[PDB]
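Student: Need coordinates for the below:
(2 chains)
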Amino acid sequence: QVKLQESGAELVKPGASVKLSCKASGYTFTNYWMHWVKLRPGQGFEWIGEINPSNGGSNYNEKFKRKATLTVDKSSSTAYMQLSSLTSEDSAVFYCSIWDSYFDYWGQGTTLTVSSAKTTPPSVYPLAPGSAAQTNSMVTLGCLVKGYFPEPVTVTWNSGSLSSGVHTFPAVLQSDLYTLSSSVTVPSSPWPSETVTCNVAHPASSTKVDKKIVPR
Amino acid sequence: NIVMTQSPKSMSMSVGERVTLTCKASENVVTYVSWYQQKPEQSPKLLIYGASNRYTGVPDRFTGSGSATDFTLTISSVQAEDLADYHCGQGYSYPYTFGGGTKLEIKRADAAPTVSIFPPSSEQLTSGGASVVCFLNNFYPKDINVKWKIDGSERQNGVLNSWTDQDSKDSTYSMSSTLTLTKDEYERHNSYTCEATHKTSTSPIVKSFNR
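Tutor: Numbering: from 1, shown residues only, chains lettered A, B, ... in the order given. The protein structure is shown below:
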């Protein structure tokens, strides 16, 4: 498969620098320019620059001149962007992508948080009604993912299996800490005669948590 | 630097209708304009290149047009899946630049929220904390109000609300409201109440547990 793999998240102290990676596979790495773009919530895209993996040839957005530097490693087939002298203005999602008219593709983007604040694993609390048979034909279960920093966390149910009827709500910052919740809706034929288990990962703290939803 | 501007800022159209998104460039960019579609919790996808060339795979209902300084994305018959932020960018001159995006939403039939309430877990209660959570799911339109009651009395401090983006399948919205208290305020009350106000009902939808 054509893939451009970027790290999910990066937390970095302000004033420091960071090396964003974009690891390519599924195509001939050296035949396509790599574009780096910046995306902040409610803003449009900002183009940082582009680099030719064949020779390292580069073109930058003057605006990012003193801020970003593009490199490539042909043997790892990996593009890198270094960001220096980080400030809060830098916190954003960063993407690498190929812009060909016959071949347009985007990494998942890395969420950059620049903050002096230390990383705090989430607490995760199962949400059961609980009891039984209430109400309609299905049941709504959920998980409360609370008190963490920085974004993001990823929430799945039954390790991806349960993708039907999931709602994961946007994290909200309440006092230098994020909280989000997620709900799943399943027929009462499954639950609770099956495992229903929410899976939560917090990249920044390398936290992994499974919480089975138990009745009552 | 070339500045791109889109219109409208946001809109909602009914499934089946024709939708028109515009994009103005501060100077001539010939036809070097692309349109990107960015659906919720997803990376952007190329819809149109060279102002009018459908990227391989793109459904026919998406047609790009325009030249010079004025460009248009037309969706001949919107489908619920077309919910998204649409972006246009020029690739004529460095640095490459993008407009501020147009947020397209889908209009659907009014729909009442499924309301469901949850008491704090024993896990949390042991830590000193107590969050009570209420899911108001799959309603429309987006406008909704939640009210918390403790033994009959509205509670105001300590509540946090979050709304999902519109859903690509059924065009509805969902919301989460969490009331957070201390363990020993929570135990010191019996009745906990989630009260939803929506245009689908003249009376609020109440959900409640005791204990």
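Student: give the contact list for residue 113.
Tutor: Just so you know, I chose chain A. A:9-12, A:91, A:150-151 (C-beta atoms under 8 Å, 6 or more residues apart in numbering or on different chains). Any C-beta I mention is one placed from the backbone N, CA and C, and that applies to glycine too.
Student: Switch to chain B, please.
Tutor: B:136-139, B:144, B:174-175, B:196, B:198, B:200, B:205 are the contacts of residue B:113 under C-beta under 8 Å, 6+ apart.
Student: swap in residue B:77?
Tutor: Residue B:77 neighbours (C-beta under 8 Å, 6+ apart): B:16-18, B:61.
Student: If you rank those residues by neighbours, which is first?
Tutor: residue B:61 (14 neighbours; other C-beta atoms under 10 Å in any protein chain shown).
Student: so that residue sits right up against residue B:54, yeah?
Tutor: No. Between residue B:61 and residue B:54 there is no contact under C-beta atoms under 8 Å: 10.1 Å.
Student: List the strands paired with the strand or helix carrying residue A:79, with their directions.
Tutor: Assessed by DSSP states H and E, residue A:79 sits inside strand A:78-83. Partner strands and pairing direction for strand A:78-83 (DSSP bridges) are strand A:18-25 (antiparallel), strand A:68-73 (antiparallel).
Student: Show me how far stretch A:48-63 is from its chain's centre.
Tutor: Relative to its chain's centre, stretch A:48-63 lies at 25 Å (C-alpha atoms, centre = their mean, to the nearest Å).
Student: for stretch B:58-67, same thing?
Tutor: Its chain's C-alpha centre and that of stretch B:58-67 lie 24 Å apart, by C-alpha atoms, centre = their mean.
Student: Could you check how far residue B:156 is from chain A?
Tutor: Going from residue B:156 to chain A by C-beta to the nearest C-beta, to the nearest Å gives 15 Å.
Student: Kindly apply the preceding question to residue B:74 instead.
Tutor: With distances taken as C-beta to the nearest C-beta, residue B:74 is found 20 Å from chain A.
Student: That residue - that's part of a strand, no?
Tutor: Yes. Membership of residue B:74 in a strand is supported by DSSP: H, G, I helix; E, B strand; the rest coil.
Student: My read is that it contacts residue B:63, right?
Tutor: Yes. Using C-beta under 8 Å, residue B:74 makes contact with residue B:63 at a distance of 4.9 Å.
Student: How far off centre is the strand holding residue A:79?
Tutor: Using C-alpha atoms, centre = their mean, the offset of strand A:78-83 from its chain centre is 17 Å.
Student: hey, C-alpha coordinates of that strand in CSV?
Tutor: Taking C-alpha atoms only, strand A:78-83 is exported to CSV below (Å, rounded to 0.1, in the frame of the first residue of the first chain):
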residue,chain,number,x,y,z
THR,A,78,12.1,9.2,5.0
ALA,A,79,11.5,12.9,4.8
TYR,A,80,12.2,15.1,7.9
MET,A,81,11.2,18.6,8.8
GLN,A,82,13.1,20.3,11.6
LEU,A,83,11.3,23.1,13.4
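Student: Let me see the contact set for the nearest residue to residue A:191 once chain neighbours are set aside.
Tutor: Leaving aside its sequence neighbours, residue A:191 sits nearest to residue A:139 (C-beta to C-beta, 6 or more residues apart in numbering or on different chains; 5.4 Å). Neighbouring residues of residue A:139 by C-beta under 8 Å, 6+ apart: A:129, A:185-188, A:191.
Student: Just the buried residues of the helix or strand residue A:139 falls within, please?
Tutor: Of the helices and strands defined by DSSP H and E, residue A:139 is found in strand A:138-148. Under the neighbour-count criterion of 16 or more other C-beta atoms under 10 Å in any protein chain shown, strand A:138-148 has A:139-148 buried.
Student: Show the subsequent helix or strand relative to it.
Tutor: strand A:154-157.
Student: near chain B at all, the next helix or strand after that following strand?
Tutor: Using DSSP H and E, the helix or strand that follows strand A:154-157 towards the C-terminus is strand A:166-168. Yes. Applying C-beta under 8 Å from any C-beta of the partner chain, one finds strand A:166-168 in contact with chain B at A:167-168.
Student: Quickly note the distance from residue A:104 to residue A:40.
Tutor: According to C-beta to C-beta, to the nearest Å, residue A:104 and residue A:40 sit 22 Å apart.
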